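In what follows, a single structure is set out as structure tokens and then discussed.
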Ligand SMILES: [Fe+3]
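Here it is in structure tokens:
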């Protein structure tokens with residue numbers, strides 16, 4: 096169903112024609128693509144996106160906790176399940 | 096302005112020197128880059144980032160609805176347009 | 096510690112075996128990967144993800160301000176530091 100090439104570095108490339116799935120895998124290290132001042136980096140510890148604007152076009156689902164250093168501005172409702180702040184007055 | 100290579104799989108590579116734009120395109124399937132336990136995957140149904148930390152460095156603009164399974168913690172204001180919860184007490 | 100290849104376009108590829116770090120760099124332009132209707136694009140002005148679903152699996156840390164055009168739905172608490180709306184009633 097698939098084939099794999101293993102490189103001298105331990106990295107591999109695999110291609111499953113029964114899925115059209117291409118996989119590049121490194122056991123450890125960092126892969127980075129930079130264009131101007133924008134970067135996508137994939138490393139053992141993180142996936143990092145850095146750019147003048149990071150645009151996510153579609154429904155976004157975070158499986159985890161979201162921490163934002165700056166403000167959070169929503170064009171609709173902002174609805175919790177377990178608690179929000181009383182940092183406002185009626 | 097550009098040139099294109101079409102592969103036997105239906106995939107293509109194109110390069111516009113009048114924009115310095117490189118495009119790799121697959122009609123269907125999955126492309127994945129894995130480094131350690133971190134992954135970026137692009138498939139017909141999703142773009143998926145999986146990592147011990149997902150770092151977005153810059154202004155983030157979501158064109159869509161954001162769902163977070165865990166908590167949302169903001170270092171500044173969290174301001175809606177259309178409604179927030181009363182899950183707090185004055 | 097590393098080696099670099101510089102292309103006729105000003106782009107470069109570098110590999111540090113003392114880090115297993117691969118870097119592709121373009122001074123200016125756009126690099127795009129498309130699979131079906133999903134895309135990851137890296138350009139001078141932005142990193143853009145577009146897909147039927149954008150899945151972020153792990154803790155997400157935004158260093159910047161987050162703007163969401165649609166709703167924000169949290170499965171836990173949503174806690175600010177500096178202010179939230181009074182768009183609700185007790
Ligand atoms: Fe209140």
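Residue numbers (PDB author numbering), protein chains in the order written: chain A, 96 to 185; chain A', 96 to 185; chain A'', 96 to 185. A prime marks a further copy of an entry chain.
Cβ atoms here follow ideal geometry from the backbone N, Cα and C, with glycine treated the same way.
If residue i and residue j are in contact, beta carbons under 8 Å, what's the gap, nearest whole angstrom?
i, j, result
"residue 165 of chain A'", "residue 160 of chain A", "4 Å"
"residue 171 of chain A", "residue 174 of chain A'", "Not confirmed; about 12 Å, so no contact."
"residue 141 of chain A''", "residue 142 of chain A'", "So it is not a contact: roughly 14 Å between Cβ atoms."
"residue 181 of chain A", "residue 179 of chain A'", "That pair is no contact at about 11 Å."
"residue 97 of chain A''", "residue 110 of chain A''", "6 Å"
"residue 156 of chain A''", "residue 158 of chain A", "The pair is not a contact, with the Cβ atoms about 14 Å apart (cut-off 8 Å)."
Could one say the Cβ of residue i lies closer than 8 Å to chain A'''s Cβ atoms, at least one of them?
i, result
"residue 103 of chain A'", "no"
"residue 121 of chain A", "yes"
"residue 108 of chain A'", "no"
"residue 176 of chain A", "yes"
"residue 146 of chain A", "yes"
"residue 156 of chain A'", "yes"
"residue 99 of chain A'", "no"
Check whether the Cβ of residue i lies closer than 8 Å to any Cβ atom in chain A.
i, result
"residue 118 of chain A'", "no"
"residue 111 of chain A'", "no"
"residue 96 of chain A''", "no"
"residue 152 of chain A''", "yes"
"residue 140 of chain A'", "no"
Find the nearest neighbour of residue i within the set the options, judged by alpha-carbon distance.
i, options, result
"residue 150 of chain A", "A''/154, A''/124, A''/152 and A''/134", "A''/134"
"residue 148 of chain A'", "A/155, A/152 and A/138", "A/138"
"residue 124 of chain A", "A''/126, A''/131, A''/115 and A''/121", "A''/115"
"residue 129 of chain A''", "A'/103, A'/129 and A'/136", "A'/136"
"residue 103 of chain A", "A''/112, A''/97 and A''/143", "A''/112"
"residue 122 of chain A'", "A'/105, A'/132 and A'/109", "A'/105"
Can you look up residue i in the DSSP assignment and give me helix, strand or coil?
i, result
"residue 148 of chain A'", "coil"
"residue 111 of chain A", "strand"
"residue 143 of chain A'", "strand"
"residue 176 of chain A''", "coil"
"residue 97 of chain A'", "strand"
"residue 125 of chain A'", "strand"
"residue 169 of chain A", "strand"
"residue 158 of chain A'", "strand"
"residue 138 of chain A'", "strand"
Consider the C-beta atom of residue i and the heavy atoms of ligand 3; say whether any pair is separated by less than 7 Å.
i, result
"residue 182 of chain A", "Only ligand 1 can be found as ligands here, which leaves ligand 3 out of the picture."
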